[PDB]
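K.L.:
First, the structure itself, so that you have it in front of you.
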Amino acid sequence: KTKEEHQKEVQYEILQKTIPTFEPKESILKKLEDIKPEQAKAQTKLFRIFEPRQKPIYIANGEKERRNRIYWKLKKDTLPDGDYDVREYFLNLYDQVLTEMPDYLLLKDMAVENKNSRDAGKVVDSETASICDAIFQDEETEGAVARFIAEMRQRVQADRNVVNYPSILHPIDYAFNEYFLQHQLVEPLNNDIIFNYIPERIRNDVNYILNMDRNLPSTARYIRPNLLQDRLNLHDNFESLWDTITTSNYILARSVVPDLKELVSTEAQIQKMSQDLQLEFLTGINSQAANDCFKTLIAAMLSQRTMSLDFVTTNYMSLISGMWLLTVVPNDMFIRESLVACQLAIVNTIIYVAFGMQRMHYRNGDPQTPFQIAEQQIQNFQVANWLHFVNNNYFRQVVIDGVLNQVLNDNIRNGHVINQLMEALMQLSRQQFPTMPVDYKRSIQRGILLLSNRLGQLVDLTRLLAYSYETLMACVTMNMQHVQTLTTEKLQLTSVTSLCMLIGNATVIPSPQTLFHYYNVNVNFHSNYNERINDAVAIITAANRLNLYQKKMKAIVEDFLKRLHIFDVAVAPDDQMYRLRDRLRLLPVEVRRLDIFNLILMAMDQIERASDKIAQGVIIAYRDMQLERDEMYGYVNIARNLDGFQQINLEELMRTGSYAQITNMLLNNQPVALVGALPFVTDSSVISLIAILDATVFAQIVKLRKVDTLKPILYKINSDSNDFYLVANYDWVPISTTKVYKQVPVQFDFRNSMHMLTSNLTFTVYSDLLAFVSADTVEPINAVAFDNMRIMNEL
Amino acid sequence: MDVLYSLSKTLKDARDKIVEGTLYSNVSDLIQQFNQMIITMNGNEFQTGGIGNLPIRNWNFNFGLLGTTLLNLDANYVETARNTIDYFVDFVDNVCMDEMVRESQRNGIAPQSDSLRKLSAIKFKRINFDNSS
């Protein structure tokens, strides 16, 4: 027996090590509750990638110009070597922008005074103020620009709740900030929005009195949750994840189900049951078990957790209770094996025996259940009609407010089928029971009468259970998809018996605060689910668009599952992880994330070119090429385009590992342009130029079969070069075989950088959205069900 | 009829818009529609013809969804799409001919061919796209 328990434990462990449910399934409640709405983020400073840097310039003859000028330079120049590394850097930048993307902006917070203003002007950022001061003071500024910086003014229209502030931003920075300003997530909030946010069924229920006792100012905002129904269909072919989801929802529902009050006296009921049963059974009957069964039934129905039935076939009292269980709870809520076991026990120990029929030889896997067979094999109207109702009693699927719901039959919602159940039980109690020993027959039929004589109490129990299920289901936001789960919740027929034999007369309904808490938890989980889907899809799509082929989407899927917070990611099976990746790869990207990605993808070329620690490639050209003359440096080997040279992609060369072509070209001195993000050595040495030191850096490629150590040489010959007398005092044309493919920085233009940013003057963003709803509950005694009659009417 | 029109419209857009080198943003919505069509039509069997000299034809659908993980379409993507498009176009052609060659004294507005009656089911409503014509 202990060996059998060990074997069952090891097999169940083999099964459970593939279900990502957390070890003690009580901590799931804490995890779900801790899931919170994403806090609205306010921008503290304008998003900037570039800043105006003052740099020296040189005359065409290579001499310093005594007049520095202002260019655009990256605020943080950290671009790496290699095209793949650059694209990875831009993926990381996209992720950072997504993380820090504001949900609303109030430019008045960022506004600062303009020192040189004649009209008490303000600018939108401290960086803007500093740049304006620098340009105002510098001597190369146009008089028009100076007078404009002095005269420029903001405009604060409180009557319209608007503010315009001048700003100075790079075009890319302005694109980012303008997108943030124009696409804020906040929306106006009113009592109408709060009222509609209250679930409709709760609003129409007469048991809850809801009032809007709070005043919402016009400048009140909120960020509405993203409650789009699940796009991954985790109920289709995701058995492990669906099992975990149903378990978590079951735990939450258990937390929110109310506790029964003033049950029948346990001692008195036990004494009467023992007297009636005359056991020449009563174990497990108590208030704890009754409450546990109530919560288990309601929560299992709410979460669609499959529940298995645990019982002893000898306990015909437990079978009697199970009759009511099957009458009131739809049959698809139980694992098929447990349902057929309970039904076969019931028929072959009560019903066929009472009617004198031969015990049924039920064949497992039969499309029909034992009750479906018995219904057409039994000629008694009461029993047959009860069996018919049980057989065709299932959940009915309805879409309410865009959410799929599993609805009950109106007969059990109002509790009328209990009357048919008691008709069947009374017939069985007065049945003859041919050939059965008389004392056992009497015990069975008195046990039947025990439940039959509770007709009113069981009607009250059924309609109370139905009402609490309806009210708690009005607070569910995701579709109530019904699936047969891997692991089932065990339900004790002894607990069902205790509930049936101890249910009293007091109506217990969810408190309005409990309903609002359940609804808030469901909404928070749903919105987190959708937002993490959006994050995962955005990252996967960005990686595929940037061609990060060495990117494992399993990491993204693991982060997705981890941030869902209810999954033990280490346990999810591998095929399901890859199915999840495949289904995420197919979803369209959310609009805000996609627009930000479009900004980054269109401006990443320019950002990389603006970088200072890397070049775009090196032309070798094996011939005397005159050094070009540039403002940024007297003489340089700057190539502004690779036209006329065969290109070898360094990234592809490195990936493929075959250096035959590049080796042949470097051996035979064939002009070629190596393309790729490379770091260069800046050399201000005329003698180094004469020594032809820029052509001695490619042999390592042939020697090592690697191109990550390639480091071209960029000559920078100026007046501040320590050898410029060689250029100045002799009649020669400086020349270098190699050229570096690099871009000159973008020059700072005040007119093209000065913008006007507009936003709202002020508003308050709320999050609870239900603290404004004051909800009271009618006195529980006179609380009516859906049919406008008291839920418990046996008082 | 609406579903058949949607199939034809989706195929025409696939042939027009799914071309080599096109930006994926130029096709993304059409690709979602096309994958919806493939999902809906997979696993169904159709039969057309048998009236007059119109040959009997049997149509089976088992196709993979078109990808959604490229920046610009390349030859691979176009080649993968073209075979599916050709089979679907032939299917639509034969369904249309089979429906055109039929008539009824009573309820002439109703679909007459087996393929179009099948398409009139509720499972096929997921492909409607846009009834512009």
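Chain labels A, B, ... are given in the sequence in which chains occur in the structure tokens; within each chain residues are numbered consecutively from 1, and ligands are likewise numbered from 1 in the order shown.
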With only C-alpha atoms counted and 9 Å as the cut-off, give the residues of stretch 62-122 of chain B in contact with stretch 8-25 of chain B, each with its shortest interatomic distance in Å and the pair that gives it, as a tab-separated table.
P.N.:
residue	atom	partner	partner_atom	distance
B:68	CA	B:24	CA	7.9
B:69	CA	B:24	CA	8.5
B:70	CA	B:24	CA	6.5
B:71	CA	B:24	CA	5.4
B:72	CA	B:23	CA	4.5
B:73	CA	B:21	CA	4.8
B:74	CA	B:20	CA	5.1
B:75	CA	B:20	CA	5.9
B:76	CA	B:20	CA	8.8
B:77	CA	B:20	CA	7.9
B:78	CA	B:19	CA	6.2
B:81	CA	B:18	CA	7.8
B:82	CA	B:15	CA	7.8
B:85	CA	B:11	CA	6.2
B:86	CA	B:11	CA	8.7
B:88	CA	B:11	CA	7.3
B:89	CA	B:11	CA	6.7
B:92	CA	B:8	CA	6.7
B:93	CA	B:8	CA	8.9
K.L.:
Could you save those same residues with C-alpha atoms as an mmCIF file, in the first residue's frame?
P.N.:
data_model
loop_
_atom_site.group_PDB
_atom_site.id
_atom_site.type_symbol
_atom_site.label_atom_id
_atom_site.label_comp_id
_atom_site.auth_asym_id
_atom_site.auth_seq_id
_atom_site.Cartn_x
_atom_site.Cartn_y
_atom_site.Cartn_z
ATOM 1 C CA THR B 68 5.403 37.950 -41.181
ATOM 2 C CA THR B 69 9.076 38.396 -40.215
ATOM 3 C CA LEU B 70 10.728 40.295 -43.062
ATOM 4 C CA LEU B 71 11.452 43.939 -43.752
ATOM 5 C CA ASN B 72 11.367 43.734 -47.562
ATOM 6 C CA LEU B 73 9.958 40.764 -49.437
ATOM 7 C CA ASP B 74 12.520 38.626 -51.250
ATOM 8 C CA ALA B 75 12.289 35.933 -53.907
ATOM 9 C CA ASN B 76 11.690 33.228 -51.299
ATOM 10 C CA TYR B 77 8.568 34.896 -49.914
ATOM 11 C CA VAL B 78 7.080 35.589 -53.344
ATOM 12 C CA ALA B 81 3.057 32.786 -51.805
ATOM 13 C CA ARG B 82 2.664 32.202 -55.544
ATOM 14 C CA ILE B 85 -2.204 31.912 -54.839
ATOM 15 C CA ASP B 86 -2.308 29.797 -58.001
ATOM 16 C CA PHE B 88 -6.668 29.332 -54.720
ATOM 17 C CA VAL B 89 -7.197 31.183 -58.006
ATOM 18 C CA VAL B 92 -12.166 30.322 -57.334
ATOM 19 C CA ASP B 93 -12.310 30.048 -61.127
#
K.L.:
Quick check: residues of chain A within 7 Å of chain B, only C-alpha atoms, returned as number ranges by chain.
P.N.:
A: 541, 544-545, 586
K.L.:
Since we have the selection now, will you write its residues out, keeping N, CA, C and O atoms, as a JSON list (two decimals), in the first residue's frame?
P.N.:
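Everything below was put into again27.json:
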[["chain", "number", "residue", "atom", "x", "y", "z"],
["A", 541, "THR", "N", 9.33, 41.35, -33.41],
["A", 541, "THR", "CA", 9.25, 41.98, -34.72],
["A", 541, "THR", "C", 10.43, 42.90, -34.96],
["A", 541, "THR", "O", 10.98, 42.93, -36.07],
["A", 544, "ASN", "N", 13.43, 40.73, -35.84],
["A", 544, "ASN", "CA", 13.35, 40.20, -37.20],
["A", 544, "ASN", "C", 13.54, 41.29, -38.24],
["A", 544, "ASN", "O", 14.07, 41.02, -39.33],
["A", 545, "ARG", "N", 13.11, 42.52, -37.95],
["A", 545, "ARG", "CA", 13.27, 43.61, -38.91],
["A", 545, "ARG", "C", 14.71, 44.11, -38.96],
["A", 545, "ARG", "O", 15.21, 44.48, -40.03],
["A", 586, "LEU", "N", 3.26, 35.85, -35.22],
["A", 586, "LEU", "CA", 2.19, 36.12, -36.18],
["A", 586, "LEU", "C", 1.30, 37.28, -35.79],
["A", 586, "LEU", "O", 0.43, 37.66, -36.58]]
K.L.:
Could you tell me how far atom CA of residue A:475 sits from atom CA of residue A:521, in Å to one decimal place?
P.N.:
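For atom CA of residue A:521 relative to atom CA of residue A:475, the distance reads 9.4 Å.
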K.L.:
Could you find all residues in stretch 185-285 of chain A that DSSP calls strand (DSSP E) from the backbone, and write them as JSON, numbers by chain?
P.N.:
{"A": [187, 188, 208, 209, 210, 211, 220, 221, 222]}
K.L.:
For the selection just defined, write its residues with N, CA and C atoms to a file, as an mmCIF file, in the first residue's frame.
P.N.:
data_model
loop_
_atom_site.group_PDB
_atom_site.id
_atom_site.type_symbol
_atom_site.label_atom_id
_atom_site.label_comp_id
_atom_site.auth_asym_id
_atom_site.auth_seq_id
_atom_site.Cartn_x
_atom_site.Cartn_y
_atom_site.Cartn_z
ATOM 1 N N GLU A 187 -6.923 59.912 -21.227
ATOM 2 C CA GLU A 187 -8.204 60.282 -21.803
ATOM 3 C C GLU A 187 -9.055 60.940 -20.729
ATOM 4 N N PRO A 188 -9.990 61.808 -21.114
ATOM 5 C CA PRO A 188 -10.852 62.442 -20.111
ATOM 6 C C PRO A 188 -11.660 61.410 -19.342
ATOM 7 N N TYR A 208 -27.516 45.682 -5.113
ATOM 8 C CA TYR A 208 -26.403 46.597 -4.913
ATOM 9 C C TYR A 208 -26.845 47.998 -5.297
ATOM 10 N N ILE A 209 -26.690 48.937 -4.373
ATOM 11 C CA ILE A 209 -27.027 50.334 -4.598
ATOM 12 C C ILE A 209 -25.729 51.084 -4.846
ATOM 13 N N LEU A 210 -25.596 51.654 -6.039
ATOM 14 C CA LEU A 210 -24.384 52.339 -6.462
ATOM 15 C C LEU A 210 -24.698 53.807 -6.701
ATOM 16 N N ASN A 211 -23.859 54.685 -6.162
ATOM 17 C CA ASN A 211 -24.052 56.121 -6.278
ATOM 18 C C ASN A 211 -22.744 56.784 -6.677
ATOM 19 N N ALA A 220 -9.625 65.850 -15.368
ATOM 20 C CA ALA A 220 -9.359 64.547 -14.777
ATOM 21 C C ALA A 220 -9.161 63.538 -15.894
ATOM 22 N N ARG A 221 -8.080 62.770 -15.816
ATOM 23 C CA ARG A 221 -7.699 61.855 -16.879
ATOM 24 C C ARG A 221 -7.539 60.448 -16.326
ATOM 25 N N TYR A 222 -7.533 59.480 -17.236
ATOM 26 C CA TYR A 222 -7.249 58.099 -16.876
ATOM 27 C C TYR A 222 -6.694 57.374 -18.092
#
K.L.:
Write down as a JSON list (two decimals) with C-alpha atoms, in the first residue's frame the residues of chain B whose backbone DSSP state falls under helix (DSSP H, G or I).
P.N.:
[["chain", "number", "residue", "atom", "x", "y", "z"],
["B", 2, "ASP", "CA", -19.75, 37.47, -50.13],
["B", 3, "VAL", "CA", -17.20, 34.86, -49.04],
["B", 4, "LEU", "CA", -16.40, 33.93, -52.65],
["B", 5, "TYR", "CA", -15.94, 37.60, -53.47],
["B", 6, "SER", "CA", -13.65, 37.94, -50.47],
["B", 7, "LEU", "CA", -11.55, 35.00, -51.66],
["B", 8, "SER", "CA", -11.25, 36.55, -55.11],
["B", 9, "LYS", "CA", -10.40, 39.98, -53.67],
["B", 10, "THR", "CA", -7.78, 38.52, -51.33],
["B", 11, "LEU", "CA", -6.16, 36.64, -54.21],
["B", 12, "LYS", "CA", -6.16, 39.71, -56.47],
["B", 13, "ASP", "CA", -4.55, 41.77, -53.71],
["B", 14, "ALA", "CA", -2.04, 38.98, -53.08],
["B", 15, "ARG", "CA", -1.06, 38.91, -56.74],
["B", 16, "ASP", "CA", -0.88, 42.72, -56.95],
["B", 17, "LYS", "CA", 0.82, 43.57, -53.65],
["B", 24, "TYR", "CA", 6.40, 44.45, -45.57],
["B", 25, "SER", "CA", 4.32, 47.36, -44.27],
["B", 26, "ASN", "CA", 2.78, 47.57, -47.74],
["B", 28, "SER", "CA", 1.02, 43.38, -43.57],
["B", 29, "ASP", "CA", -2.77, 43.79, -43.49],
["B", 30, "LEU", "CA", -3.17, 41.72, -46.65],
["B", 31, "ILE", "CA", -0.94, 39.04, -45.14],
["B", 32, "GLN", "CA", -3.11, 38.90, -42.03],
["B", 33, "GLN", "CA", -6.15, 38.52, -44.28],
["B", 34, "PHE", "CA", -4.40, 35.83, -46.35],
["B", 35, "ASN", "CA", -3.40, 33.82, -43.29],
["B", 36, "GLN", "CA", -6.96, 34.10, -41.99],
["B", 37, "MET", "CA", -8.13, 32.72, -45.33],
["B", 38, "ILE", "CA", -5.64, 29.83, -45.17],
["B", 39, "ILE", "CA", -6.69, 28.96, -41.61],
["B", 40, "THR", "CA", -10.37, 29.02, -42.53],
["B", 41, "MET", "CA", -9.98, 27.02, -45.73],
["B", 75, "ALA", "CA", 12.29, 35.93, -53.91],
["B", 76, "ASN", "CA", 11.69, 33.23, -51.30],
["B", 77, "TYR", "CA", 8.57, 34.90, -49.91],
["B", 78, "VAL", "CA", 7.08, 35.59, -53.34],
["B", 79, "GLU", "CA", 7.74, 32.03, -54.50],
["B", 80, "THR", "CA", 6.13, 30.59, -51.38],
["B", 81, "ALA", "CA", 3.06, 32.79, -51.81],
["B", 82, "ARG", "CA", 2.66, 32.20, -55.54],
["B", 83, "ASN", "CA", 1.91, 28.47, -55.36],
["B", 84, "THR", "CA", -0.84, 29.02, -52.79],
["B", 85, "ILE", "CA", -2.20, 31.91, -54.84],
["B", 86, "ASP", "CA", -2.31, 29.80, -58.00],
["B", 87, "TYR", "CA", -4.17, 26.95, -56.32],
["B", 88, "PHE", "CA", -6.67, 29.33, -54.72],
["B", 89, "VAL", "CA", -7.20, 31.18, -58.01],
["B", 90, "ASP", "CA", -7.93, 27.95, -59.84],
["B", 91, "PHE", "CA", -10.36, 26.98, -57.08],
["B", 92, "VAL", "CA", -12.17, 30.32, -57.33],
["B", 93, "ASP", "CA", -12.31, 30.05, -61.13],
["B", 94, "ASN", "CA", -13.91, 26.61, -60.99],
["B", 95, "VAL", "CA", -16.35, 27.59, -58.25],
["B", 96, "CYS", "CA", -17.43, 30.63, -60.26],
["B", 97, "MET", "CA", -17.92, 28.62, -63.46],
["B", 98, "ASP", "CA", -19.86, 25.92, -61.62],
["B", 99, "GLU", "CA", -22.13, 28.54, -60.07],
["B", 100, "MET", "CA", -22.57, 30.44, -63.35],
["B", 114, "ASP", "CA", -22.19, 22.64, -53.73],
["B", 115, "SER", "CA", -19.00, 24.67, -53.28],
["B", 116, "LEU", "CA", -20.87, 27.95, -52.87],
["B", 117, "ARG", "CA", -23.42, 26.38, -50.53],
["B", 118, "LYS", "CA", -20.54, 25.09, -48.41],
["B", 119, "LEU", "CA", -18.92, 28.52, -48.43],
["B", 123, "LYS", "CA", -17.36, 28.87, -40.36],
["B", 124, "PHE", "CA", -16.32, 30.71, -43.55],
["B", 125, "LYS", "CA", -17.57, 34.14, -42.46],
["B", 126, "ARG", "CA", -14.11, 34.98, -41.05]]
K.L.:
Please list as a compact mmCIF listing (two decimals) with N, CA and C atoms, in the first residue's frame every residue within 7 Å of stretch 278-281 of chain A, counting only C-alpha atoms and excluding residues in the same chain fewer than 2 positions away.
P.N.:
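Printed below is result-v9.txt as written:
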# COMPACT_ATOMS: atom_id res chain seq x y z
N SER A 274 -27.69 9.69 11.75
CA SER A 274 -27.35 8.38 12.30
C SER A 274 -28.61 7.60 12.67
N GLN A 275 -29.59 8.27 13.28
CA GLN A 275 -30.84 7.59 13.62
C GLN A 275 -31.55 7.08 12.38
N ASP A 276 -31.60 7.90 11.33
CA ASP A 276 -32.34 7.51 10.13
C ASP A 276 -31.62 6.40 9.37
N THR A 283 -18.81 10.37 8.68
CA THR A 283 -17.51 11.01 8.77
C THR A 283 -17.36 12.09 7.71
N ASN A 315 -20.63 4.42 0.47
CA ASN A 315 -21.30 5.54 1.14
C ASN A 315 -22.47 6.00 0.27
N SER A 443 -32.37 1.30 5.07
CA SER A 443 -31.34 2.31 5.26
C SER A 443 -31.18 3.17 4.01
K.L.:
So the first atom is atom CA of residue A:783 and the second is atom CA of residue A:495; what is the distance between them in Å, to one decimal place?
P.N.:
26.3 Å
K.L.:
What is the atom CA of residue A:540 to atom CA of residue A:235 distance in Å?
P.N.:
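If I compute the distance from atom CA of residue A:540 to atom CA of residue A:235, I get 22.6 Å.
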K.L.:
Would you mind listing what lies within 10 Å of residue A:382 as a PyMOL selection string, with only C-alpha atoms counted and same-chain residues fewer than 5 positions away left out?
P.N.:
chain A and resi 387-388+420-428
K.L.:
Would you pick out the contacts of stretch 554-558 of chain A at 12 Å or less, using only C-alpha atoms, so that residues sharing its chain but fewer than 5 positions from it are not included, and give the list as a PyMOL selection string?
P.N.:
chain A and resi 532-543+563-565+567-585
K.L.:
Taking 6 positions as the minimum chain separation for residues in the same chain, which residues sit within 10 Å of stretch 109-112 of chain A when counting only C-alpha atoms? Answer as an NGL selection string.
P.N.:
:A and (42-46 or 121-129 or 154 or 165-167 or 761-762)
K.L.:
Those same residues, written as a compact mmCIF listing (two decimals), in the first residue's frame with C-alpha atoms?
P.N.:
# COMPACT_ATOMS: atom_id res chain seq x y z
CA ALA A 42 5.38 61.67 -16.69
CA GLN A 43 8.27 62.96 -18.76
CA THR A 44 10.76 64.91 -16.66
CA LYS A 45 13.03 66.08 -19.49
CA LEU A 46 12.84 66.09 -23.26
CA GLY A 121 9.97 84.35 -21.55
CA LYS A 122 10.27 80.66 -20.76
CA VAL A 123 11.73 77.70 -22.64
CA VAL A 124 10.73 74.07 -22.47
CA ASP A 125 13.87 72.46 -21.04
CA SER A 126 17.04 73.27 -19.14
CA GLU A 127 19.07 72.00 -22.10
CA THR A 128 17.16 74.43 -24.31
CA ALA A 129 17.90 77.29 -21.92
CA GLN A 154 5.61 81.08 -24.61
CA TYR A 165 6.75 76.58 -25.20
CA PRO A 166 9.72 77.22 -27.50
CA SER A 167 12.35 74.50 -27.71
CA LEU A 761 -1.58 73.04 -18.77
CA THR A 762 -2.50 70.56 -16.04
K.L.:
Using only C-alpha atoms, which residues sit within 8 Å of stretch 596-608 of chain A once same-chain residues fewer than 5 positions away are excluded, as number ranges by chain?
P.N.:
A: 74, 79, 86, 90, 94, 97-98, 172, 175-176, 542
K.L.:
With N, CA and C atoms retained, write the just-selected residues as a PDB file, in the first residue's frame.
P.N.:
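Output saved as out_31.pdb:
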ATOM      1  N   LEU A  74      26.464  63.156 -30.803  1.00  0.00           N
ATOM      2  CA  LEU A  74      25.722  62.259 -29.930  1.00  0.00           C
ATOM      3  C   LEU A  74      26.003  62.579 -28.469  1.00  0.00           C
ATOM      4  N   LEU A  79      28.550  53.494 -29.679  1.00  0.00           N
ATOM      5  CA  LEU A  79      28.261  52.503 -30.699  1.00  0.00           C
ATOM      6  C   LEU A  79      29.407  51.499 -30.802  1.00  0.00           C
ATOM      7  N   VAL A  86      26.053  46.841 -34.014  1.00  0.00           N
ATOM      8  CA  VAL A  86      25.337  48.107 -34.146  1.00  0.00           C
ATOM      9  C   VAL A  86      23.833  47.872 -34.136  1.00  0.00           C
ATOM     10  N   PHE A  90      20.942  49.143 -31.506  1.00  0.00           N
ATOM     11  CA  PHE A  90      19.700  49.842 -31.820  1.00  0.00           C
ATOM     12  C   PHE A  90      18.482  49.089 -31.306  1.00  0.00           C
ATOM     13  N   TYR A  94      15.819  50.787 -28.816  1.00  0.00           N
ATOM     14  CA  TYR A  94      14.374  50.687 -28.968  1.00  0.00           C
ATOM     15  C   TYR A  94      13.726  50.194 -27.684  1.00  0.00           C
ATOM     16  N   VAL A  97      13.692  53.061 -25.162  1.00  0.00           N
ATOM     17  CA  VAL A  97      12.681  54.065 -25.477  1.00  0.00           C
ATOM     18  C   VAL A  97      11.297  53.546 -25.124  1.00  0.00           C
ATOM     19  N   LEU A  98      11.028  52.271 -25.408  1.00  0.00           N
ATOM     20  CA  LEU A  98       9.746  51.699 -25.010  1.00  0.00           C
ATOM     21  C   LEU A  98       9.571  51.754 -23.500  1.00  0.00           C
ATOM     22  N   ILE A 172      15.684  64.570 -34.959  1.00  0.00           N
ATOM     23  CA  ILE A 172      15.304  63.254 -34.445  1.00  0.00           C
ATOM     24  C   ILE A 172      14.728  63.376 -33.037  1.00  0.00           C
ATOM     25  N   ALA A 175      11.343  64.666 -33.304  1.00  0.00           N
ATOM     26  CA  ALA A 175      10.406  63.638 -33.739  1.00  0.00           C
ATOM     27  C   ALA A 175       9.947  62.799 -32.557  1.00  0.00           C
ATOM     28  N   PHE A 176      10.891  62.357 -31.728  1.00  0.00           N
ATOM     29  CA  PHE A 176      10.519  61.546 -30.571  1.00  0.00           C
ATOM     30  C   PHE A 176       9.612  62.322 -29.622  1.00  0.00           C
ATOM     31  N   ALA A 542      10.854  43.654 -33.949  1.00  0.00           N
ATOM     32  CA  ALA A 542      12.011  44.523 -34.116  1.00  0.00           C
ATOM     33  C   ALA A 542      13.265  43.713 -34.406  1.00  0.00           C
TER      34      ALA A 542
END
K.L.:
Which residue out of A:333, A:345, A:290, A:60 has the minimum interatomic distance to residue A:408 when only C-alpha atoms are used?
P.N.:
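Of the candidates, the smallest distance to residue A:408 is held by A:333.
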